[PDB]
Protein chains: 2
Amino acid sequence: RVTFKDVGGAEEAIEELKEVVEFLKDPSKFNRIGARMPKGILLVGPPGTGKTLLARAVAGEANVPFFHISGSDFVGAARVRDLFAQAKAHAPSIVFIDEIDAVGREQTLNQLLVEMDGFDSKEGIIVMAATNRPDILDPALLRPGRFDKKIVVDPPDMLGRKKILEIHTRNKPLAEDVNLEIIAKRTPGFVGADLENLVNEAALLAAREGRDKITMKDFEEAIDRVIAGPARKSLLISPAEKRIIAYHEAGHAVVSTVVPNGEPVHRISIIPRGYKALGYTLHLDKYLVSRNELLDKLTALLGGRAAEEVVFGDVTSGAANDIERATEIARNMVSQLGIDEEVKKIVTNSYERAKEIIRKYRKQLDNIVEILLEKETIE
Amino acid sequence: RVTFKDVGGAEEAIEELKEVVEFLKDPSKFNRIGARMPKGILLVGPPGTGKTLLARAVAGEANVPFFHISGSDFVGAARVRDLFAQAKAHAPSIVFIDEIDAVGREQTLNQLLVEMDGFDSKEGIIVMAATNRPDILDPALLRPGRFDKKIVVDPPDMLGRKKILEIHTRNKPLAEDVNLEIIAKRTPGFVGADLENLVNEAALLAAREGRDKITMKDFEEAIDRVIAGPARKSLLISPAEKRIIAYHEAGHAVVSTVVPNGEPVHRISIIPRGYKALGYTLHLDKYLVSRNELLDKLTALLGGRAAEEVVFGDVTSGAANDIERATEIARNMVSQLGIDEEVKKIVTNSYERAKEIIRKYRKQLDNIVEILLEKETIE
Ligand SMILES: Nc1ncnc2c1ncn2[C@@H]1O[C@H](COP(=O)(O)OP(=O)(O)OP(=O)(O)O)[C@@H](O)[C@H]1O
Ligand SMILES: Nc1ncnc2c1ncn2[C@@H]1O[C@H](COP(=O)(O)OP(=O)(O)OP(=O)(O)O)[C@@H](O)[C@H]1O
Ligand SMILES: [Mg+2]
Ligand SMILES: [Mg+2]
Ligand SMILES: [Zn+2]
Ligand SMILES: [Zn+2]
């Protein structure tokens with residue numbers, strides 16, 4: 001059994017799931033005012049971030065049964081029928097499906113669509129699913145009445161990493177020299193699964209010497225064992241890679257602040273945070289289409305690639321993704337505001353414009369990077 | 001009965017196995033702090049290096065029973081069931097499987113997976129296996145909870161060879177002119193099995209003449225008998241082959257030291273040492289993907305092949321493996337940083353770059369080779 005006290009660094013996701021817990025505890029409070037709940041909910045995120053753990057914590061905060069199946073184990077149609085019948089017989093309950101992209105071969109998909117349409121939501125039944133490849137899902141699953149809510153689960157930041165370390169050492173004896181805050185600052189790029197495996201390695205080092213406490217030296221030696229060798233499990237960002245990433249992020253922020261139609265900036269960080277930063281389209285944005293605001297959007301989207309070329313003379317894979325998105329936007333501009341030769345010159349002009357802004361504001365760009373290299377995030 | 005005193009030239013491997021010996025002597029010391037041990041361990045290395053001997057030495061350092069089976073002898077499912085039942089009845093024990101690649105026909109594999117999931121590790125039970133073809137194993141065996149630790153066993157160097165000769169002559173009478181250090185310098189490329197057979201041949205030469213001691217002349221004549229003829233058993237590196245190998249290894253080191261993104265060099269040797277140098281992938285590496293560091297990695301990987309062509313005008317099988325790896329890296333570069341014609345020119349440009357570095361630093365390359373030809377290793 002787990003609850004929300006076993007989860008670290010997922011404040012925004014836990015905020016959205018509070019509604020589900022209340023509904024499962026007393027459906028009648030929603031029915032008496034005509035509030036209609038979605039039938040399915042989708043969790044999307046990178047592997048190891050805790051999508052399966054979040055679902056189990058929902059069923060713990062409300063004492064309801066938990067019926068689950070795994071999509072990687074896929075007779076198929078018969079198994080889906082059995083699972084939904086169990087949930088109906090016990091009215092307020094949960095149905096959970098894992099690796100839904102594996103199963104969502106044509107008979108199994110058809111049966112699932114029949115089951116979603118055939119149960120009554122007012123009883124207190126809800127369906128949940130998880131995936132890390134949302135862009136290959138069948139469009140029939142996402143139509144209204146089937147799966148119309150999405151929640152994004154993100155990698156942790158420095159304060160999120162420190163919380164997870166505390167959760168997994170509360171049943172272990174520690175020495176007085178252990179500083180979990182220093183350990184958190186040395187593991188950027190780790191996820192919750194990586195941090196849980198790191199605590200086990202430090203305990204093996206202490207046990208192999210017969211000691212009954214874990215010291216600060218055990219933790220530091222465990223970091224080197226998990227990132228190198230024939231049996232390695234994790235990747236972290238080195239100090240050299242950190243400097244290049246900081247210049248890329250600060251390049252976006254400076255160009256947006258200078259163009260008149262650019263959007264305001266609220267946060268800069270070394271760790272990705274949104275669904276766009278994670279590389280998802282989610283099968284998905286202005287009422288009015290204008291030339292001046294479309295050109296300002298293109299220039300700011302090439303700000304990260306321009307700072308790399310002016311400062312280092314290099315190019316990363318994130319900058320190559322940015323250039324591909326810009327070409328798609330320009331192609332739609334030509335067909336709406338009044339062909340390949342025309343698209344090519346629009347992108348080239350925007351790139352030159354961004355490079356001049358980077359040269360003229362080089363001093364401010366350097367100042368931002370220095371603060372980022374010590375704090376990792378500016379709110 | 002054998003212990004760690006019967007093993008030579010395996011210091012790093014013996015270091016990793018100290019944890020297993022402590023666990024088998026008293027499991028409760030691991031349980032009281034929540035340290036969780038792996039269920040299976042894999043030993044990988046070339047034939048004759050002592051993988052079966054290392055496993056038997058673990059069961060000697062800790063007085064526990066030793067149950068073993070051989071994979072080349074494969075009713076199959078029934079034999080696997082019997083072996084695991086014996087180990088459970090005697091709680092702290094060892095299960096050893098040899099030639100696991102032969103057995104890992106579909107019924108026997110399924111039974112093994114059932115047994116691995118059905119025993120309790122906290123009792124003090126552990127499973128070990130060995131192979132020299134790790135890349136053909138079924139991926140189901142390597143999933144978490146089954147076989148998640150790997151240890152590499154390497155061929156011996158000059159000081160490792162001298163130790164093995166001492167182990168196998170401690171019960172034999174030697175003359176005063178025998179110098180085991182000179183014998184070690186004359187057998188590069190031998191493994192422990194070859195060295196153990198060489199001592200027996202020298203004893204037969206002495207016994208055939210009625211003598212009661214083994215002289216230095218007996219050892220020198222035994223070398224020629226085991227490497228040639230209708231009954232030959234061993235291969236060694238000749239002085240002509242030694243010179244070509246030294247230039248190949250020094251070519252990698254010089255190119256890495258000159259490119260800005262190359263990695264530091266800690267050791268150069270005539271004998272292979274790592275799992276990459278032995279030709280294994282092990283079913284397995286940077287957080288950030290960048291163009292400048294990917295090109296520097298390609299250039300250094302072709303350094304050995306470039307020194308062969310500039311100095312001798314030849315090509316070996318190791319250089320042909322290097323060219324195949326480079327083509328795989330370049331192919332992934334084209335699809336991530338922005339087809340066959342494009343891949344071909346990336347590899348050709350990197351090869352030309354390495355050849356110019358070799359010509360410009362020819363003097364330093366010659367100096368390193370001379371030291372290597374006398375010491376065999378530079379730490
Ligand atoms: N925020 C977290 N707090 C604590 N533990 C976490 C957290 N995130 C992940 N873990 C650990 O991760 C381990 C496995 O991750 P989990 O299965 O929950 O994630 P996932 O996103 O569903 O992964 P996968 O893609 O592998 O299925 C769990 O044992 C849990 O201990
Ligand atoms: N490091 C060593 N020290 C001493 N003897 C060794 C060493 N390595 C191998 N031997 C000798 O090798 C002989 C056989 O090798 P062993 O079976 O232990 O190796 P292996 O890697 O399991 O071989 P194979 O692939 O043939 O099964 C043993 O009798 C042992 O005498
Ligand atoms: Mg999981
Ligand atoms: Mg053997
Ligand atoms: Zn960018
Ligand atoms: Zn090479």
Side-chain angles (χ1 to χ4, degrees), chain A residues 72 168-174 188-190 193 196-197 199-214 218 225 227-238 240-245 248 270-271 305 308-309 312-324 327, chain B residues 12-13 15-23 25-38 41-45 134 142 144 147-153 260-261 274-276 278 280-296 332-338:
Chain A
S72 73
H168 281 107
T169 48
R170 61 182 54 172
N171 279 292
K172 296 190 175 333
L174 303 181
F190 270 32
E196 195 271 331
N197 186 247
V199 168
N200 195 234
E201 288 292 327
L204 285 163
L205 288 184
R208 184 59 78 105
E209 282 193 7
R211 294 186 267 115
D212 57 328
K213 288 199 189 312
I214 310 184
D218 288 334
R225 297 181 51 113
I227 60 165
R232 60 165 160 108
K233 316 271 202 264
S234 313
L235 279 171
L236 62 88
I237 308 162
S238 61
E241 299 176 304
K242 219 192 270 207
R243 196 167 168 86
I244 304 177
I245 289 160
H248 185 99
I270 297 289
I271 319 291
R305 172 177 187 113
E308 280 167 2
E309 142 121 278
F312 299 104
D314 203 356
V315 62
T316 55
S317 50
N321 283 331
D322 290 339
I323 194 70
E324 186 180 2
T327 299
Chain B
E12 293 178 356
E15 202 51 28
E16 293 285 337
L17 289 166
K18 290 296 186 38
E19 192 173 87
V20 190
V21 170
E22 289 318 309
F23 174 68
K25 278 197 275 198
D26 195 28
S28 81
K29 286 199 177 297
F30 285 66
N31 297 349
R32 84 188 172 193
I33 64 163
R36 158 181 80 247
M37 275 298 262
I41 300 175
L42 203 56
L43 303 171
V44 308
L142 311 161
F147 272 110
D148 50 293
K149 196 172 176 53
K150 306 181 203 103
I151 304 188
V152 175
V153 183
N261 279 297
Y275 75 87
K276 281 178 152 179
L278 296 178
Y280 304 144
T281 44
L282 291 196
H283 287 101
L284 283 156
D285 46 359
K286 293 288 277 312
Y287 186 91
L288 180 81
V289 182
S290 171
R291 175 200 72 192
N292 277 1
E293 63 99 18
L294 268 190
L295 284 187
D296 277 1
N332 196 1
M333 183 188 293
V334 162
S335 82
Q336 270 193 97
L337 287 167

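So you know, we letter chains A, B, ... as the sequences are listed, proteins then strands, and number each from 1. Atoms considered below: every heavy atom in the structure, side chains included; atoms not considered: hydrogens, waters and symmetry mates.
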Quiz prompt | Partner chain B: residue of A:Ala231, A:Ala319, A:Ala202, A:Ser317 with the largest heavy-atom pair count (under 4.5 Å) | solution =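 The residue among A:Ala231, A:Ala319, A:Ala202, A:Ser317 with the greatest pair count is A:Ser317.
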Quiz item: Given the options A:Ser238, A:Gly313, A:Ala206, A:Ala240, which has more heavy-atom pairs under 4.5 Å with chain B than any of the others?
Solution: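 Top count of heavy-atom pairs under 4.5 Å with chain B: A:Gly313.
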So, for [X] and [Y], which heavy atoms are closest and what is the spacing to 0.1 Å?
{"X": "B:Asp148", "Y": "A:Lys233", "result": "O-NZ, 3.6 Å"}
{"X": "A:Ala207", "Y": "B:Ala35", "result": "CB-CB, 4.5 Å"}
{"X": "B:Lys150", "Y": "A:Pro230", "result": "NZ-O, 3.8 Å"}
{"X": "B:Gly34", "Y": "A:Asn200", "result": "O-ND2, 3.7 Å"}
{"X": "A:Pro173", "Y": "B:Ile33", "result": "CG-CG2, 4.3 Å"}

Say you draw a straight line from [atom1] of [X] to [atom2] of [Y]; how long is it, rounded to the nearest 0.5 Å?
{"X": "A:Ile237", "Y": "B:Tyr287", "atom1": "CD1", "atom2": "OH", "answer": "4.0 Å"}
{"X": "B:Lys29", "Y": "A:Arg211", "atom1": "NZ", "atom2": "CZ", "answer": "12.5 Å"}
{"X": "A:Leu204", "Y": "B:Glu22", "atom1": "CG", "atom2": "CD", "answer": "13.0 Å"}

Quiz item: Counting only N and O atoms by type, is there a donor-acceptor contact under 3.5 Å from the side chain of B:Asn292 to the main-chain atoms of A:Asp314?
Solution: no
Practice problem: Find out whether B:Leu288 and A:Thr316 are in side-chain contact, i.e. whether some heavy atom of one side chain is under 4.5 Å from a heavy atom of the other. | Solution: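 Yes, their side chains come closer than 4.5 Å.
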Practice problem: Determine whether B:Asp285 and A:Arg232 make a side-chain contact, defined as any pair of heavy atoms from C-beta on separated by less than 4.5 Å. | Solution: yes
Exercise. Side chain from CB out, backbone as N, CA, C, O: work out which of these in A:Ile323 comes under 4.5 Å of a heavy atom of chain B, or both, or neither.
Key: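 Contact with chain B involves no heavy atom of A:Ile323 at all.
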Practice problem: Quick one: which of B:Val152, B:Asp26, B:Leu284, B:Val21 has the most heavy-atom pairs under 4.5 Å with chain A, could you say? | Solution: B:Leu284
Quiz item: Between B:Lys286, B:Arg291, B:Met37, which has the largest tally of heavy atom pairs under 4.5 Å with chain A?
Solution: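 If we count pairs closer than 4.5 Å to chain A, B:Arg291 comes out on top.
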